[PDB]
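Presented below is the structure to which this report refers.
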Amino acid sequence: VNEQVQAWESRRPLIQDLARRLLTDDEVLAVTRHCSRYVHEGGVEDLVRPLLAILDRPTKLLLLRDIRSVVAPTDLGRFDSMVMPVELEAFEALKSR
Ligand SMILES: C[C@H](CO)OC[C@@H](C)OC[C@H](C)OC[C@@H](C)O
């Protein structure tokens, strides 16, 4: 928790600032709550699943960059198993336009 909580507290201003430029305030509050819950209680699938439902456009996926920095080392493989296919689909969405 502690290193991840420290990483979150140091990156929260960037994450929240970018989130508010891309999402509604209610969605920013949801992202904030999911990130805080994860760093304090763990469970990386419970962080990613709701984020992928909120971050529903390629530009919104930019938020996952700084969020990955708060993911505990033992959770990174799962995070990437879930997010990497979504990054590729988003590139396809930008390309097919
Ligand atoms: C979607 C967004 C940009 O497409 O990147 C996703 C997110 C998981 O960041 C990837 C990772 C943190 O950085 C990869 C770079 C540093 O090579």
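Position 1 is the first residue of the sequence, and the numbers go up from there. As a basis for the values below, the full set of heavy atoms in this structure was taken, side chains included, without hydrogen atoms, waters or symmetry mates. Ligands are counted one by one from 1 in listed order, and the atoms in each one are counted from 1 as well.
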Only one of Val83, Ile15, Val48 passes side-chain contact (heavy atoms from CB on, under 4.5 Å) with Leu64, and that residue is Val83
SB check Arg20 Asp17 (cutoff 4.0 Å): no
Do any nitrogen or oxygen atoms of ligand 1 lie under 3.5 Å from a protein nitrogen or oxygen, and which ones?
from     : atom 1 : to    : atom 2 : distance (Å)
ligand 1 : 5 (O)  : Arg65 : NH1    : 3.4

To the nearest 0.5 Å, how far apart are OG in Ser10 and CG in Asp66? 11.5 Å
Check: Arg78/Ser81 side-chain N/O donor and acceptor closer than 3.5 Å: yes
If hydrophobic clusters are built by linking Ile, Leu, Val, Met, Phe, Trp and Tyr wherever their side-chain heavy atoms come under 4.5 Å apart, do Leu51 and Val5 end up in the same one? yes
If only atom types and distance count, is the side chain of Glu27 paired as donor or acceptor with the main-chain N or O of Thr24 below 3.5 Å? yes
